[PDB]
>>> print(open('my_file.cif').read())   # mmCIF, C-alpha atoms; chains and numbers go by the auth columns
data_coords
#
loop_
_atom_site.group_PDB
_atom_site.id
_atom_site.type_symbol
_atom_site.label_atom_id
_atom_site.label_comp_id
_atom_site.label_asym_id
_atom_site.label_seq_id
_atom_site.Cartn_x
_atom_site.Cartn_y
_atom_site.Cartn_z
_atom_site.B_iso_or_equiv
_atom_site.auth_seq_id
_atom_site.auth_asym_id
ATOM 1 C CA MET A 1 -17.580 -178.725 73.587 0.00 27 Z
ATOM 2 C CA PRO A 2 -17.437 -176.404 76.651 0.00 28 Z
ATOM 3 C CA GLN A 3 -14.025 -175.001 75.713 0.00 29 Z
ATOM 4 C CA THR A 4 -10.464 -176.370 75.484 0.00 30 Z
ATOM 5 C CA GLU A 5 -8.285 -174.987 78.283 0.00 31 Z
ATOM 6 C CA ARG A 6 -9.137 -171.316 78.834 0.00 32 Z
ATOM 7 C CA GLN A 7 -12.326 -172.177 80.719 0.00 33 Z
ATOM 8 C CA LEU A 8 -10.517 -174.906 82.667 0.00 34 Z
ATOM 9 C CA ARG A 9 -8.529 -172.251 84.533 0.00 35 Z
ATOM 10 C CA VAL A 10 -11.269 -169.779 85.499 0.00 36 Z
ATOM 11 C CA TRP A 11 -13.470 -172.757 86.379 0.00 37 Z
ATOM 12 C CA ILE A 12 -11.406 -174.747 88.892 0.00 38 Z
ATOM 13 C CA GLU A 13 -9.230 -171.804 89.995 0.00 39 Z
ATOM 14 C CA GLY A 14 -12.380 -170.131 91.275 0.00 40 Z
ATOM 15 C CA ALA A 15 -13.412 -173.234 93.213 0.00 41 Z
ATOM 16 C CA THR A 16 -10.288 -173.347 95.379 0.00 42 Z
ATOM 17 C CA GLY A 17 -8.806 -169.878 95.087 0.00 43 Z
ATOM 18 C CA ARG A 18 -5.363 -170.398 93.604 0.00 44 Z
ATOM 19 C CA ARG A 19 -5.049 -168.808 90.172 0.00 45 Z
ATOM 20 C CA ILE A 20 -2.355 -171.289 89.119 0.00 46 Z
ATOM 21 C CA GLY A 21 0.533 -168.881 89.651 0.00 47 Z
ATOM 22 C CA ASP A 22 2.690 -170.710 87.102 0.00 48 Z
ATOM 23 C CA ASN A 23 2.440 -173.147 84.188 0.00 49 Z
ATOM 24 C CA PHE A 24 -1.091 -174.400 83.522 0.00 50 Z
ATOM 25 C CA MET A 25 0.009 -178.019 83.062 0.00 51 Z
ATOM 26 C CA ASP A 26 2.949 -177.970 85.482 0.00 52 Z
ATOM 27 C CA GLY A 27 0.750 -176.371 88.122 0.00 53 Z
ATOM 28 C CA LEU A 28 -1.467 -179.444 88.033 0.00 54 Z
ATOM 29 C CA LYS A 29 1.577 -181.713 88.363 0.00 55 Z
ATOM 30 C CA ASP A 30 2.113 -180.733 92.007 0.00 56 Z
ATOM 31 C CA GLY A 31 -1.549 -181.510 92.599 0.00 57 Z
ATOM 32 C CA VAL A 32 -3.268 -179.182 95.062 0.00 58 Z
ATOM 33 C CA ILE A 33 -6.065 -177.156 93.500 0.00 59 Z
ATOM 34 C CA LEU A 34 -7.393 -180.106 91.501 0.00 60 Z
ATOM 35 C CA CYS A 35 -7.426 -182.285 94.606 0.00 61 Z
ATOM 36 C CA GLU A 36 -9.170 -179.461 96.442 0.00 62 Z
ATOM 37 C CA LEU A 37 -11.541 -179.109 93.487 0.00 63 Z
ATOM 38 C CA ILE A 38 -12.739 -182.719 93.421 0.00 64 Z
ATOM 39 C CA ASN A 39 -13.434 -182.587 97.164 0.00 65 Z
ATOM 40 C CA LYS A 40 -16.170 -180.155 96.161 0.00 66 Z
ATOM 41 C CA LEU A 41 -17.800 -182.489 93.648 0.00 67 Z
ATOM 42 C CA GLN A 42 -16.967 -185.798 95.321 0.00 68 Z
ATOM 43 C CA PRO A 43 -16.932 -185.727 99.160 0.00 69 Z
ATOM 44 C CA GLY A 44 -13.643 -186.770 100.757 0.00 70 Z
ATOM 45 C CA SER A 45 -11.762 -187.230 97.484 0.00 71 Z
ATOM 46 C CA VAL A 46 -8.390 -185.801 98.535 0.00 72 Z
ATOM 47 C CA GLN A 47 -8.978 -184.243 101.957 0.00 73 Z
ATOM 48 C CA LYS A 48 -5.570 -185.429 103.166 0.00 74 Z
ATOM 49 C CA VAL A 49 -3.894 -183.437 100.386 0.00 75 Z
ATOM 50 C CA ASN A 50 -0.145 -183.264 101.025 0.00 76 Z
ATOM 51 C CA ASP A 51 1.813 -180.065 100.388 0.00 77 Z
ATOM 52 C CA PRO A 52 3.876 -180.501 97.153 0.00 78 Z
ATOM 53 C CA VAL A 53 7.082 -179.592 99.015 0.00 79 Z
ATOM 54 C CA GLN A 54 8.856 -182.919 98.510 0.00 80 Z
ATOM 55 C CA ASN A 55 8.176 -185.063 95.429 0.00 81 Z
ATOM 56 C CA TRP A 56 6.241 -188.194 96.389 0.00 82 Z
ATOM 57 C CA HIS A 57 3.583 -185.906 97.885 0.00 83 Z
ATOM 58 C CA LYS A 58 2.528 -184.855 94.385 0.00 84 Z
ATOM 59 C CA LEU A 59 2.232 -188.495 93.340 0.00 85 Z
ATOM 60 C CA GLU A 60 -0.200 -189.032 96.216 0.00 86 Z
ATOM 61 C CA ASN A 61 -2.451 -186.076 95.436 0.00 87 Z
ATOM 62 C CA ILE A 62 -2.469 -187.018 91.754 0.00 88 Z
ATOM 63 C CA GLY A 63 -3.257 -190.655 92.475 0.00 89 Z
ATOM 64 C CA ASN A 64 -6.205 -189.912 94.760 0.00 90 Z
ATOM 65 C CA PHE A 65 -7.596 -187.271 92.401 0.00 91 Z
ATOM 66 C CA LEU A 66 -7.493 -189.529 89.335 0.00 92 Z
ATOM 67 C CA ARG A 67 -8.644 -192.729 91.045 0.00 93 Z
ATOM 68 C CA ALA A 68 -11.543 -190.776 92.520 0.00 94 Z
ATOM 69 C CA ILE A 69 -12.602 -189.169 89.222 0.00 95 Z
ATOM 70 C CA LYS A 70 -12.083 -192.340 87.175 0.00 96 Z
ATOM 71 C CA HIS A 71 -14.558 -194.151 89.419 0.00 97 Z
ATOM 72 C CA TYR A 72 -16.644 -191.061 90.153 0.00 98 Z
ATOM 73 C CA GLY A 73 -17.889 -191.036 86.575 0.00 99 Z
ATOM 74 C CA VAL A 74 -15.315 -189.693 84.132 0.00 100 Z
ATOM 75 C CA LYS A 75 -14.077 -192.493 81.871 0.00 101 Z
ATOM 76 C CA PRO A 76 -10.345 -193.371 82.172 0.00 102 Z
ATOM 77 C CA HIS A 77 -9.988 -192.976 78.405 0.00 103 Z
ATOM 78 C CA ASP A 78 -10.847 -189.324 79.007 0.00 104 Z
ATOM 79 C CA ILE A 79 -8.531 -188.998 81.981 0.00 105 Z
ATOM 80 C CA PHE A 80 -4.794 -188.377 82.231 0.00 106 Z
ATOM 81 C CA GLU A 81 -2.821 -190.957 84.148 0.00 107 Z
ATOM 82 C CA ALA A 82 -0.744 -190.073 87.204 0.00 108 Z
ATOM 83 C CA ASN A 83 2.414 -190.710 85.183 0.00 109 Z
ATOM 84 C CA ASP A 84 1.238 -188.565 82.257 0.00 110 Z
ATOM 85 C CA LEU A 85 0.729 -185.417 84.346 0.00 111 Z
ATOM 86 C CA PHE A 86 3.705 -186.040 86.642 0.00 112 Z
ATOM 87 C CA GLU A 87 6.094 -186.766 83.770 0.00 113 Z
ATOM 88 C CA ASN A 88 4.251 -184.100 81.790 0.00 114 Z
ATOM 89 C CA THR A 89 4.179 -186.508 78.851 0.00 115 Z
ATOM 90 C CA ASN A 90 0.547 -186.031 77.835 0.00 116 Z
ATOM 91 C CA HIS A 91 -0.548 -182.402 77.500 0.00 117 Z
ATOM 92 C CA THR A 92 -3.827 -182.655 75.592 0.00 118 Z
ATOM 93 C CA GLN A 93 -4.933 -185.652 77.656 0.00 119 Z
ATOM 94 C CA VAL A 94 -4.538 -183.600 80.836 0.00 120 Z
ATOM 95 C CA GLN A 95 -6.848 -180.770 79.732 0.00 121 Z
ATOM 96 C CA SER A 96 -9.344 -183.136 78.093 0.00 122 Z
ATOM 97 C CA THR A 97 -9.875 -184.717 81.514 0.00 123 Z
ATOM 98 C CA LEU A 98 -11.172 -181.479 83.032 0.00 124 Z
ATOM 99 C CA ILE A 99 -13.545 -181.095 80.082 0.00 125 Z
ATOM 100 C CA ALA A 100 -15.231 -184.405 80.907 0.00 126 Z
ATOM 101 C CA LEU A 101 -15.265 -183.682 84.643 0.00 127 Z
ATOM 102 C CA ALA A 102 -17.287 -180.557 83.848 0.00 128 Z
ATOM 103 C CA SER A 103 -20.232 -182.556 82.497 0.00 129 Z
ATOM 104 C CA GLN A 104 -20.262 -184.688 85.646 0.00 130 Z
ATOM 105 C CA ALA A 105 -20.169 -181.709 87.989 0.00 131 Z
ATOM 106 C CA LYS A 106 -22.927 -179.976 86.039 0.00 132 Z
ATOM 107 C CA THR A 107 -25.273 -182.966 86.283 0.00 133 Z
ATOM 108 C CA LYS A 108 -24.629 -183.383 90.012 0.00 134 Z
#
>>> encode(input="my_file.cif", output="structure tokens")
Amino acid sequence: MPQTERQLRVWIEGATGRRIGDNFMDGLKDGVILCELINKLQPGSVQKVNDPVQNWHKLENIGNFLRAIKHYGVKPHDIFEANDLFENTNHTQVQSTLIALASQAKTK
């Protein structure tokens, strides 16, 4: 295993720039850095990323990011669902997703 969650931060945070200035899990809920991150690996994944000012905006960024990664290569079983992250129900599932995404990015 690459790590668990510590590496997840330094990894993606570096890609975009934002150092998740808040909760690690909650920060992902709004969906911004992750969406910006995938665009790096998979072209045009979430280019039209909406600012998480409102509420439905987050749902959009999360949906595009997950749908893109699920098909991109990462298995759904190893991917948090839009509702899980948004509702913040699944915590381990959220981090586990990034772990799998790492293997894909590395191969590419």
>>> resolve_selection(input="my_file.cif", expression="the PyMOL selection byres ((chain Z and resi 73) around 12)", output="list in words")
residues 58, 59, 60, 61, 62, 63, 64, 65, 66, 68, 69, 70, 71, 72, 74, 75, 76, 77, 86, 87, 90, 91 and 94 of chain Z
>>> residues_around(input="my_file.cif", residues="segment 80-84 of chain Z", least_positions_apart="4", cutoff="8 Å", atoms="only C-alpha atoms", output="list in words")
residues 55, 56, 57, 76, 88 and 112 of chain Z
>>> write_last_selection(input="my_file.cif", atoms="C-alpha atoms", output="PDB file, keeping the file's coordinate frame")
ATOM      1  CA  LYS Z  55       1.577-181.713  88.363  1.00  0.00           C
ATOM      2  CA  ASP Z  56       2.113-180.733  92.007  1.00  0.00           C
ATOM      3  CA  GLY Z  57      -1.549-181.510  92.599  1.00  0.00           C
ATOM      4  CA  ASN Z  76      -0.145-183.264 101.025  1.00  0.00           C
ATOM      5  CA  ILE Z  88      -2.469-187.018  91.754  1.00  0.00           C
ATOM      6  CA  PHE Z 112       3.705-186.040  86.642  1.00  0.00           C
TER       7      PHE Z 112
END
>>> resolve_selection(input="my_file.cif", expression="the PyMOL selection byres ((chain Z and resi 97-103) around 12)", output="PyMOL selection string")
chain Z and resi 64-65+67-71+90-96+104-108+119-120+122-131+133-134
>>> atom_distance(input="my_file.cif", atom1="atom CA of residue 113 of chain Z", atom2="atom CA of residue 35 of chain Z")
20.6 Å
>>> closest_residue(input="my_file.cif", among="Z:27, Z:34, Z:52, Z:41", to="residue 115 of chain Z", atoms="all atoms listed in the file")
Z:52
>>> atom_distance(input="my_file.cif", atom1="atom CA of residue 85 of chain Z", atom2="atom CA of residue 29 of chain Z")
27.5 Å
>>> atom_distance(input="my_file.cif", atom1="atom CA of residue 121 of chain Z", atom2="atom CA of residue 31 of chain Z")
6.1 Å
>>> closest_residue(input="my_file.cif", among="Z:54, Z:32, Z:48, Z:37", to="residue 114 of chain Z", atoms="only C-alpha atoms")
Z:54
>>> decode(input="my_file.cif", residues="segment 87-113 of chain Z", atoms="C-alpha atoms", output="tab-separated table (two decimals), in the first residue's frame")
chain	number	residue	atom	x	y	z
Z	87	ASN	CA	-17.99	18.68	-9.38
Z	88	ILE	CA	-18.27	15.47	-7.35
Z	89	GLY	CA	-20.39	13.75	-9.98
Z	90	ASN	CA	-18.05	14.54	-12.87
Z	91	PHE	CA	-14.96	13.60	-10.86
Z	92	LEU	CA	-16.32	10.21	-9.79
Z	93	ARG	CA	-17.98	9.29	-13.09
Z	94	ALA	CA	-14.73	10.14	-14.84
Z	95	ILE	CA	-12.51	8.11	-12.49
Z	96	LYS	CA	-14.92	5.17	-12.29
Z	97	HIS	CA	-14.72	4.79	-16.06
Z	98	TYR	CA	-11.15	6.06	-16.33
Z	99	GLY	CA	-9.90	2.91	-14.62
Z	100	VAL	CA	-10.48	2.94	-10.87
Z	101	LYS	CA	-13.10	0.34	-9.94
Z	102	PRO	CA	-16.34	1.71	-8.40
Z	103	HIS	CA	-15.92	-0.69	-5.48
Z	104	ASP	CA	-12.78	1.30	-4.68
Z	105	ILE	CA	-14.47	4.65	-5.19
Z	106	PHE	CA	-16.64	6.78	-2.92
Z	107	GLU	CA	-20.05	7.68	-4.27
Z	108	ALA	CA	-21.17	11.28	-4.72
Z	109	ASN	CA	-23.61	10.82	-1.83
Z	110	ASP	CA	-20.96	9.30	0.45
Z	111	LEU	CA	-18.58	12.27	0.22
Z	112	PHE	CA	-21.33	14.91	0.10
Z	113	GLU	CA	-23.20	13.45	3.07
